[PDB]
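Novice: Take a look at the following structure, please.
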Amino acid sequence: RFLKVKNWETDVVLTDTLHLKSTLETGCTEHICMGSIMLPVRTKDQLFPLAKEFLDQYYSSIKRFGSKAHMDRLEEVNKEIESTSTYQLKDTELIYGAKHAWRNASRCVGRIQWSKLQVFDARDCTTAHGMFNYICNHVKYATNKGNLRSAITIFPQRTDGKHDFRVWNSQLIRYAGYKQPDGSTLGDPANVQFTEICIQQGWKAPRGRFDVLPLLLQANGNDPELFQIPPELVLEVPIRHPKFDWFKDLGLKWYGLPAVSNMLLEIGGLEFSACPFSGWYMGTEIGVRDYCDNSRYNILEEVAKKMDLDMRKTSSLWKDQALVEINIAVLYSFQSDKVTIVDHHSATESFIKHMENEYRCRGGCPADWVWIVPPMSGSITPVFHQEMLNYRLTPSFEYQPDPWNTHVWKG
Amino acid sequence: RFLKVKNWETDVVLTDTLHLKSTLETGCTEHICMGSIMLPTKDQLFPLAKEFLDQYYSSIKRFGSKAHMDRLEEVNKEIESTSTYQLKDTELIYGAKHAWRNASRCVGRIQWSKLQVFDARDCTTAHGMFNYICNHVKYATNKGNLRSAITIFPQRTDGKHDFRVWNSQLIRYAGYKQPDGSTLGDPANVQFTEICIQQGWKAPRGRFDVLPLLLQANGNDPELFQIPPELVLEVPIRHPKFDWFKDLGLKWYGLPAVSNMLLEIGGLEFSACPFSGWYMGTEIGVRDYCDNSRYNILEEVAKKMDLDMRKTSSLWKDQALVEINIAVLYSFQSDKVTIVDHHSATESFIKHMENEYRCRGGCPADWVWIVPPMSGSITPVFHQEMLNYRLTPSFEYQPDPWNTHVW
Ligand code: HEM
Ligand code: HEM
Ligand SMILES: CNCc1cccc(-c2cc(F)cc(CCc3cc(C)cc(N)n3)c2)c1
Ligand SMILES: CNCc1cccc(-c2cc(F)cc(CCc3cc(C)cc(N)n3)c2)c1
Ligand SMILES: C[C@H](O)[C@H](O)[C@H]1CNc2nc(N)[nH]c(=O)c2N1
Ligand SMILES: C[C@H](O)[C@H](O)[C@H]1CNc2nc(N)[nH]c(=O)c2N1
Ligand SMILES: [Zn+2]
C-alpha cells in the first residue's frame with residue numbers, strides 16, 4: 001500500500017511507503033483520533049525477534065544484508081539471548097541505533113541533523129559518581145563554548161528492571177522552583193516537585209529565581225545521589241532586547257544547552273533507561289513556552305506593562321505583541337553571545353527539506369504535526385501547511401514514568 | 001474505553017463517553033495517525049433514520065413514547081414506499097443545530113443552539129435559490145450585528161437533481177492571473193473566477209471584487225447572480241496606530257458564509273446548505289492576508305514598518321503579523337461588525353468543552369484545526385487534549401460541482 005501527503009501551500013505531494021515497516025501502535029483507532037493526547041521486565045520470548053529486526057535494519061544500512069557477518073551476528077545474538085537472556089550491542093550498532101532513534105522521533109523538528117550525533121558509550125559505568133563524570137564530559141563536549149554539538153550518552157541497559165540506571169532530572173540543566181507559603185512560586189513552576197526531592201535529599205537551595213538544579217543520579221538501581229554540575233560548565237545567556245533597554249532589568253537568563261535526560265532509548269528490544277541527549281534550542285522553546293506559558297515563568301504581563309500596551313481588552317493583542325518582543329530578545333541574546341540557537345522560521349524550513357529528502361531516500365518521514373508546528377506564528381511557517389503521517393518506528397525514544405514514582409528505596 | 005482528556009495548563013481532567021456513540025471513521029488506524037490530513041440504497045437508509053430519530057426523541061425526553069414509536073413506524077413506512085423520507089420541521093432544525101454541535105473542527109460551537117434555520121426545501125429554481133440566499137445574507141448580516149444562520153435547500157434524490165451552490169463561500173473576492181505573471185485579487189479563487197467569466201460574468205478585474213453567485217437548482221446548469229452590494233457588508237482595514245495602513249487598500253467582508261459543504265441528517269443528504277456565523281480575527285489577518293498562497297501582504301507591511309527583513313531571526317514576519325491582526329480586529333470593532341479575537345474564541349471553546357463534557361459526555365474536537373494559526377500556546381486550547389471522532393448529523397465535504405456536473 002501507498003499513502004500520499006500534500007503540502008497545501010506548494011501542492012507538492014509525497015508518497016509514504018515507510019509506514020508499512022511500522023509495528024508499534026499509535027493510540028488511534030478507526031473511530032477515534034488521539035493525535036493531541038500528550039502521552040497515549042521483558043523476556044527472552046519477545047526479544048530475539050526484536051533483535052533480529054534491528055540487525056536486519058543495521059546490516060541493510062551498511063549494504064551487508066545476508067552476508068556472513070550478518071548471519072554470524074544473528075547467530076551470536078541468538079545464543080547470547082538464550083544463554084544469558086539478553087545481549088550486548090556492538091559499538092557500531094549502538095551508534096546506529098541512537099542515530100535512528102533520533103531520526104525516528106516524530107515529534108522532533110530538528111531531525112535534519114540526525115546523522116551528526118556524537119554517541120558517548122557509558123555502558124561500563126557502575127556508580128553514580130561515574131555517571132556524574134560521564135554527564136560532565138557530555139555537557140562540556142556538547143556546549144563547546146557556545147558552538148553547540150549534538151550528543152547522547154548511553155548508560156547500561158535495563159536487566160531485570162531492579163537495577164536501572166536513571167537520571168532523575170528531566171533535563172540535565174534546569175532551574176529550581178519553590179512553592180512559597182503565600183501560594184506563589186519562585187523560579188520555574190515546572191520543577192517544584194523535583195526541587196523538593198533534591199532539597200529532601202540534602203540539596204542546599206539558594207532559593208533564587210534561576211538556580212541550576214543539582215544532578216540526581218541513580219546507578220544500578222541504588223538510591224540516587226546528588227551532584228552539582230561545575231558552574232563553569234553551565235553556559236547561560238542574560239536576556240536583553242535589541243531596542244528595549246528596560247528588558248535586561250527584568251533579570252531574565254536561560255541556559256544554552258537543552259539536554260533531555262528522562263527518556264528511554266529502545267534499540268533492538270534493549271532498553272536504555274538513562275540516555276541523556278542534547279542539541280541546541282529553537283528560540284520559541286524558551287521565548288514562548290519557558291517564559292510565557294501561564295504555568296511557567298509567565299512574564300507576559302510584566303513585559304506588556306513595561307511596553308505600555310492596552311492590557312484591558314484582549315483584542316488589543318497585547319499578549320501577542322509582548323510574545324514577539326520576548327522571542328526577539330531570546331534570539332538576539334543567544335546570537336550576540338555566540339550561543340547556537342535557531343529561530344522557528346529557519347527550523348521549520350529545514351524540517352520540510354529534511355522531510356522531502358526522507359520521503360525520497362527512505363520512503364517516508366513520521367511526523368507529529370501537533371508538535372512540529374511551532375507554538376507561535378504557526379501558519380506563517382511552512383510546516384503548518386504540510387500534511388504529515390505519524391507512526392512509530394524503532395529504534396525509538398520513549399517516555400517512562402518518573403523514577404520517584406517507581407523506585408524502591410534502600411535507605 | 002471510557003477516555004480521559006487532560007488540560008496541561010490547569011490539570012482539569014474530563015472523561016469522554018460520547019465517542020462510543022460515534023459511527024463513521026476517522027482515517028486513523030492503530031498503526032498510523034492521519035490527524036493532519038486535510039481530507040481523509042433503501043437498506044442503508046432506515047438504520048440511519050432510526051439512529052437519528054432515536055436521538056431526537058431522547059433529546060425531547062420522549063424516548064420510548066407513543067409519538068416516538070409512531071414516527072419511527074411512519075418514517076419506516078415512508079422509506080419502504082418512497083425509498084426516502086422527509087424531516088419534520090422540528091427534526092430539521094434539530095439536525096442542523098447538531099451538525100454544527102458535532103463539527104469537530106469548529107472553534108465557535110459555544111453558539112451551536114442559537115442557529116437560525118431557514119427551510120428552503122420548497123425551492124425549485126436558481127432564481128428562487130438566489131432569493132433565499134439574499135434573505136439569508138440580509139438576516140445574518142443584520143447591519144453588522146451578525147447572527148448565525150443556515151438555509152437548507154432540497155435534499156438529494158437520485159444525484160442527477162442536486163441543489164448546489166458553486167461558490168465555496170457566499171461572499172468571496174475574485175482572483176485573476178495577470179499577463180505580467182502574478183495574481184490579482186484572491187489566488188484561491190482564480191479557478192472559480194475563471195468559471196464565472198467562462199460562463200458569462202463581466203469582471204471589474206480589481207483586487208477585491210465580490211464574486212457573483214453561481215447557483216444550481218435541480219441539477220440544471222448553474223446561473224449567475226450578483227448579490228446586491230447593499231447586502232454585502234465590507235470593512236475597510238485601518239490600523240489604530242499606523243496611518244499608512246489605510247493606503248495599503250485592504251478591506252474584507254463581514255459575513256463568513258460557507259456554501260459548499262453537505263449536511264447529513266438521518267441519512268438524508270442536503271447538498272446545498274449555506275451557513276454563516278461571524279469571523280474569528282485570525283481567519284482574515286493570519287490566513288487570508290498572510291498565507292503565501294493568498295493575499296500574502298507580509299512583505300509590504302514589514303516594508304512600511306521598516307523592519308529588518310534581512311534575517312528571519314529578526315521575527316519581522318511575526319511582528320507584522322501581529323499588527324495586521326490588531327488592525328483587522330480594530331477595523332471591525334470600529335465599524336460595529338461582529339468579530340471575535342482568537343483569545344476570546346478559544347476561551348469560549350474551553351468553556352464549551354466543559355459544558356459538553358458535563359451535559360453530553362464529551363465534545364469531538366480537532367486540535368489541528370482548533371488551535372489558532374498564530375500565538376498557539378498562549379491560547380488555552382493549545383494545552384487542551386482533545387479527542388476527535390465523527391458524530392452525525394454532520395457537515396461533510398463534497399466534490400466541487402464542475403468536476404461532476406453532467407453539463
Ligand atoms: C539539534 C537540534 C534540535 C532541535 C532544534 C530540536 C527541536 C525539538 C523541539 C522544539 C522539540 C519539541 C519538544 C518540546 O516542545 O518540548 C523536540 C522534540 C524531540 N526531540 Fe529534538 N531537537 C534537536 C535535537 C535532538 C536530539 C539530538 C535528539 C535525540 C538524540 C532529539 C530528540 C527529540 C525527541 C525524542 C523529541 C520528542 C519530545 C517528546 O516527545 O517530549 N532532538 N525537538
Ligand atoms: C458563529 C461564529 C463561528 C465562528 C467564530 C466559527 C469559527 C470557525 C473557524 C475559525 C473554523 C476553522 C475553519 C478555517 O480555518 O477555515 C471553523 C470551521 C468550521 N465551522 Fe465554525 N464558526 C462559526 C459558526 C459556524 C456555524 C454557524 C456553522 C454551521 C452551522 C459552523 C460550522 C463549521 C464547520 C463544519 C467547520 C469545519 C469545516 C472544515 O472542515 O473546513 N461554524 N469555524
Ligand atoms: C511536555 N513535555 C514533557 C516531556 C517529558 C520528557 C521529555 C520531554 C522532551 C523530550 C525531548 F526529546 C525534547 C524536549 C524539548 C527540549 C529539547 C531537547 C533537545 C535535545 C533539543 C531541543 N531543541 N529541545 C522535551 C518532554
Ligand atoms: C482549507 N479550507 C478548505 C475548505 C473547503 C471547504 C469549506 C471550508 C470551510 C468550512 C467551514 F465550515 C468554515 C470555513 C471557515 C469560514 C468560516 C465559516 C463560518 C460559518 C464561520 C467562520 N468564522 N468562518 C471554511 C474550507
Ligand atoms: C494538548 C497538546 O497535545 C499539548 O499541549 C502539546 C501540543 N503541542 C506541543 N508541541 C510541542 N513542541 N511541545 C509541547 O509541549 C506541546 N504540547
Ligand atoms: C496540513 C494541515 O492539516 C492544514 O494546513 C490545516 C492545518 N490546520 C488548519 N486549521 C484551520 N483552522 N484551518 C485550516 O485551513 C487548517 N489547515
Ligand atoms: Zn489519529
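Ordering of the C-alpha cells sets the chain letters (A, B, ...), residue numbers begin anew at 1 in every chain, and ligands are numbered from 1 in the order given.
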For the contact check between chain A and ligand 7, emit one row per residue of chain A within 7 Å, containing the shortest atom pair and the distance in Å rounded to one decimal, counting only C-alpha atoms and all ligand atoms, chain then rising number order, as CSV.

Specialist:
```
residue,atom,partner,partner_atom_place_in_ligand_line,distance
A:28,CA,ligand 7,1 (Zn),4.8
A:32,CA,ligand 7,1 (Zn),6.9
A:33,CA,ligand 7,1 (Zn),3.6
A:34,CA,ligand 7,1 (Zn),5.1
A:35,CA,ligand 7,1 (Zn),4.6
```

Novice: Taking only C-alpha atoms into account, what are the residues of chain A at most 8 Å from chain B, put as a PyMOL selection string?

Specialist: chain A and resi 5+9+19+22-38+288-289+292-295+314-317+319-321+324+328+331-332+342-343+345-346+369-370+374-380+387-392

Novice: Please give me, as number ranges by chain, the residues lying within 6 Å of ligand 4 when counting only C-alpha atoms and all ligand atoms.

Specialist: B: 256-258, 275-280

Novice: Pick from B:12, B:272, B:79, B:302: nearest to ligand 5, with only C-alpha atoms and all ligand atoms counted?

Specialist: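 Among the listed residues, B:12 lies closest to ligand 5.
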
Novice: Let me see if you get this right: every residue at most 6 Å from ligand 3, counting only C-alpha atoms and all ligand atoms, written as a list in words.

Specialist: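 Going residue by residue within 6 Å of ligand 3, we get residues 258, 259, 260, 262, 263, 277, 278, 279, 280, 281 and 282 of chain A.
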
Novice: Okay, now the selection with C-alpha atoms, as a PDB file, in the first residue's frame?

Specialist:
```
ATOM      1  CA  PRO A 258      18.851  21.742  26.147  1.00  0.00           C
ATOM      2  CA  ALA A 259      19.611  18.220  27.370  1.00  0.00           C
ATOM      3  CA  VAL A 260      16.734  15.768  27.843  1.00  0.00           C
ATOM      4  CA  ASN A 262      14.292  11.293  31.317  1.00  0.00           C
ATOM      5  CA  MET A 263      13.529   9.355  28.153  1.00  0.00           C
ATOM      6  CA  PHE A 277      20.842  13.672  24.815  1.00  0.00           C
ATOM      7  CA  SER A 278      21.305  17.307  23.859  1.00  0.00           C
ATOM      8  CA  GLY A 279      21.148  19.553  20.835  1.00  0.00           C
ATOM      9  CA  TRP A 280      20.525  23.282  20.668  1.00  0.00           C
ATOM     10  CA  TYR A 281      17.445  25.398  21.297  1.00  0.00           C
ATOM     11  CA  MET A 282      14.798  26.605  18.926  1.00  0.00           C
TER      12      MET A 282
END
```
